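> quick check, what structure comes out for this input:
(2 chains, ligands or ions: 4)
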Amino acid sequence: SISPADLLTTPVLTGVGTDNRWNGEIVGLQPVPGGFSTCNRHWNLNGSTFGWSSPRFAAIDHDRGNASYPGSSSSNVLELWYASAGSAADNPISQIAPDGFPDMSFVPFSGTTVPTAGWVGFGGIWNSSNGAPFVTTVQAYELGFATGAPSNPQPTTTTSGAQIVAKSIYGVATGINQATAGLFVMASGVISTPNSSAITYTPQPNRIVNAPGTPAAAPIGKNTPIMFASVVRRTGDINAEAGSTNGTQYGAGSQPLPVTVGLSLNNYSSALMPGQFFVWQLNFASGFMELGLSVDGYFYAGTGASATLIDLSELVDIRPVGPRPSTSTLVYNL
Amino acid sequence: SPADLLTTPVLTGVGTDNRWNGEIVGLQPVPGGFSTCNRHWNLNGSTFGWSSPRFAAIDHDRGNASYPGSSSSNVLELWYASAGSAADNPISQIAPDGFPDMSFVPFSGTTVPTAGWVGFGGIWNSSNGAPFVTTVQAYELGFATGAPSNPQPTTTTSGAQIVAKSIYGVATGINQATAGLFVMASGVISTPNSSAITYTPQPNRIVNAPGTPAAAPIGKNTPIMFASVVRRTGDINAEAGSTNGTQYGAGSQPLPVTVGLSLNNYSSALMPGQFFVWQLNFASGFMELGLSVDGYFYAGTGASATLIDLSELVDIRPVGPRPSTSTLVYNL
Ligand SMILES: CC(=O)N[C@@H]1[C@@H](O)[C@H](O[C@@H]2O[C@H](CO)[C@H](O)[C@H](O)[C@H]2O[C@@H]2O[C@@H](C)[C@@H](O)[C@@H](O)[C@@H]2O)[C@@H](CO)O[C@@H]1O
Ligand SMILES: [Cl-]
Ligand SMILES: [Cl-]
Ligand SMILES: [Cl-]
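Numbers count the residues shown, from 1 in each chain, chains lettered A, B, ... in the order given. Ligands and ions are numbered 1, 2, ... in the order given. See below for the structure:
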């Protein structure tokens, strides 16, 4: 009750807990031997986030971007919306981007190409004059951070000097050209794919967008940072779920959302010292492993150089162990 | 004990409602009573509904997809199947996990229906799982009878159909006798103009499965719903305090409560006829909320239908089991 123990209970990793990027049911642990950073909808143990999102999945809303489509015919066109990072004046957490905007770099596309590994959400453009949707622009949109929009958007992984971009991955019924227009997109995303095949866990570390000051997660001895893997829909085979014959698609997040929520409500600085992990034991049908939580809010496992996904289907229960030195190897007994 | 099911964050900004997944900001008394089963659990670990305590996606692989006329551009796309056909759903075959428990509001021409549950998604190819990309739109979903020619609302799942109809024109309509539906499970409310409407759904719009217990007043204790601010199609930018009005959606339970009831059995916590009671401490007074064995919440507000604002709620404390015949304290 004064310790971090209650942040991670059995249900968080055995079917109830979802990840803090995709809001998908967590079903695996993904080690990241090469390290990574994440700030959006990520909290530390001192009540702080470096991102721009609250620990929830609602809607993405920005009232002042540029909306356009190419060419002289407005039917069945790709709709583009973009604004500058730092323009989210109505966001009380951070003005970097609208609450819920995904922390992934923009994958550009044009013509008839559907992008690969884009964060995609449903919604459209809306009318800055009155708040009404431009009903002919509803579609699935890729959202991400870029530089060089509108003519040549390219991915960027820093928010400084960035643009926030939304582009319909399929043709909207009728395009809209308005220099000032709003964006509205539901905050629960899917992964864009051009065919039926699953791709690697998404986002890969080098696709994650981070704000200045975001601490990095790197290996500490044999302890390696992890992401939490969930089953996420993909556009090329939207019906595919866990156990699909077309392959399983994973999305990854830096924290279980229940942990993020708990961290956002509390301050755990008096409970865990810098350089300590809080450790839990994960008990499987056969064997167990330890997970450690750092003061920066990253989770670790004692898996060393391994990049192999750990399946949680046989996870039985979680028990708190207590604070440990981060230099002490987390047990891996699977 | 049930005590930990309702803690302060559940009603002070973190907890969302179990129909719209909106942040709970008010308590809405229902003096006439109501029923709800979908994504609603009792204290005996069971639901009469067809949805798990989460908001993911609505997916059904075997419906009929159509649009009217010889021109496919900018048309209203219709999808329907029979209730009882959700074979892939381990909770209930009544409907796909996440399908909304609201009766269908018919519409035509260019008029947007009032008080419809609306979600984003489209039709997909039952043969390979690929989306019909030209059918993506905002769709009204609900239970009806008489589709495809004349869908009309029904509030019982028995003999019902599940219907999705785009409220705006799709880029290119699709006619397929067997086709899938895919719609994200977090909804918005349809309105025909910028004005907010009454809290949605009203009790007479809620669809229930046979056997669902009703929540009725017990003396001066009245069943409540949990109110959240929900987006509306007529003014999608509107949030709390909009000069075009504030739109509320309502649910029978806070989702965190639903989740907890789904994981454990609370049968031993309440003797017959009892509420589990919490005290809600506001800045200038307090009130009690009671939870019945059927999973419905009550307040001692009698005939009042006035929304209770939670902006001034400070903390929640568990009280314990109390007889339901005792008026719940209301001192605000
Ligand atoms: C062309 C015209 O007159 N449009 C107005 C529109 O400007 C109004 O918007 C509100 O304007 C005030 C300033 O006068 C504030 O900026 C409000 O925040 C703004 O409302 C918000 O945005 C609008 C677009 C709606 O989405 C509303 O629900 C939001 O609260 C509106 C509202 O008075 O009226 C006319 O459309
Ligand atoms: Cl925002
Ligand atoms: Cl039918
Ligand atoms: Cl196809």
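
> show me where the stretch 1-150 of chain A has strands.
Listed in chain order, the strands of the stretch 1-150 of chain A (DSSP state E, counting those that start in this stretch) span residues A:26-31, A:36-37, A:59-68, A:75-77, A:80-84, A:119-126, A:139-147.

> just the stretch 151-300 of chain A next, same as before
A:154-155, A:163-168, A:172-174, A:178-186, A:190-191, A:216-217, A:224-231, A:250-253, A:276-284, A:288-293, A:299-301.

> could you dump those strands into a markdown table with distance to residue B:47 and mean neighbour count added?
All C-beta spots, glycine's among them, are computed from the backbone N, C-alpha and C. Conversion of those to a markdown table gives the following (distance: least, C-beta to C-beta, whole Å; neighbours: other C-beta atoms under 10 Å in any protein chain shown):
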| stretch | distance to residue B:47 | mean neighbour count |
| --- | --- | --- |
| strand A:154-155 | 44 | 16 |
| strand A:163-168 | 37 | 26 |
| strand A:172-174 | 39 | 24 |
| strand A:178-186 | 25 | 21 |
| strand A:190-191 | 27 | 24 |
| strand A:216-217 | 39 | 18 |
| strand A:224-231 | 23 | 26 |
| strand A:250-253 | 27 | 26 |
| strand A:276-284 | 29 | 21 |
| strand A:288-293 | 32 | 22 |
| strand A:299-301 | 32 | 24 |
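
> between those, which gets nearest to ligand 4?
Ligand 4 lies closest to strand A:190-191 among these, at 17.2 Å (C-beta to the ion).

> related to what we said a few turns ago, redo the strands of the stretch 1-150 of chain A as TSV? Include distance to residue A:167.
Below are the strands of the stretch 1-150 of chain A laid out as TSV (distance: least, C-beta to C-beta, whole Å):
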stretch	distance to residue A:167
strand A:26-31	28
strand A:36-37	25
strand A:59-68	10
strand A:75-77	11
strand A:80-84	5
strand A:119-126	10
strand A:139-147	5
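
> mind checking those for the one nearest to ligand 1?
In terms of C-beta to the nearest ligand atom, the element of the strands of the stretch 1-150 of chain A nearest to ligand 1 is strand A:59-68, at 7.0 Å.

> report whether that closest one contacts ligand 2.
No - counting by C-beta under 5 Å from the ion, ligand 2 has no neighbours in strand A:59-68; the shortest distance is 6.0 Å.

> how about the contacts made by the nearest residue to residue A:266 once chain neighbours are set aside?
Closest residue to residue A:266 apart from its sequence neighbours, by C-beta to C-beta, 6 or more residues apart in numbering or on different chains: residue A:47 at 7.2 Å. Under the criterion of C-beta atoms under 8 Å, 6 or more residues apart in numbering or on different chains, the neighbours of residue A:47 are A:263-264, A:266-267, A:269.

> got it, and residue A:168?
When contacts are counted by C-beta under 8 Å, 6+ apart, residue A:168 is found next to A:78-80, A:137, A:139-141.

> 10 Å instead, please
Contact analysis of residue A:168 by C-beta atoms under 10 Å, 6 or more residues apart in numbering or on different chains lists A:69, A:77-81, A:120, A:123-125, A:137-142, A:175, B:133, B:136, B:171.

> could you pull up the residues touching the nearest residue to it once chain neighbours are set aside?
Closest residue to residue A:168 apart from its sequence neighbours, by C-beta to C-beta, 6+ apart: residue A:139 at 4.0 Å. Contacts for residue A:139 (C-beta under 10 Å, 6+ apart) come out as A:78-79, A:120, A:122-125, A:166-173, A:185, B:120, B:122, B:133-134, B:136-137, B:170-171.

> repeat the analysis, applying 7 Å as the threshold.
A:79, A:124, A:168, A:170, A:172, B:136 (C-beta atoms under 7 Å, 6 or more residues apart in numbering or on different chains).

> one more: residue A:268?
A:4, A:45.

> can you select the buried ones from the contacts of residue A:47 in ChimeraX?
Selection of buried members from the contacts of residue A:47 for ChimeraX, criterion 16 or more other C-beta atoms under 10 Å in any protein chain shown:
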select /A:263,264,266
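
> just the ones in helices from the contacts of residue A:47, please.
Judged by DSSP state H, helices contain the following of the contacts of residue A:47: A:263-264.

> any idea which residue of chain A is furthest from its center?
The centre of chain A is farthest from one residue, residue A:72, which by C-alpha atoms, centre = their mean lies 36.6 Å away.

> near chain B, which residues of the stretch 1-150 of chain A are found?
A:11, A:16, A:59, A:61, A:63, A:75-76, A:122-123, A:126, A:130-133, A:135, A:138-140 (C-beta under 7 Å from any C-beta of the partner chain).

> what about 6 Å?
The stretch 1-150 of chain A comes close to chain B at residues A:11, A:76, A:122, A:126, A:131, A:133, A:135, A:138-140, as judged by C-beta under 6 Å from any C-beta of the partner chain.

> contact partners for the closest residue to residue A:108 other than its chain neighbours?
Distances taken as C-beta to C-beta, 6+ apart place residue A:153 nearest to residue A:108, at 4.8 Å, with adjacent residues excluded. Contacts for residue A:153 (C-beta atoms under 6 Å, 6 or more residues apart in numbering or on different chains) come out as A:106, A:108, A:146, A:165.

> most surrounded residue in the residues you listed?
residue A:106 (30 neighbours; other C-beta atoms under 10 Å in any protein chain shown).

> quick check: bridge partners of the residue lying closest to residue A:293 once chain neighbours are set aside?
If the residues on either side of it in the chain are set aside, residue A:293 comes closest to residue A:278, at 4.7 Å by C-beta to C-beta, 6+ apart. Beta-bridge partners of residue A:278, counted by DSSP bridges, are residue A:293, residue A:323.
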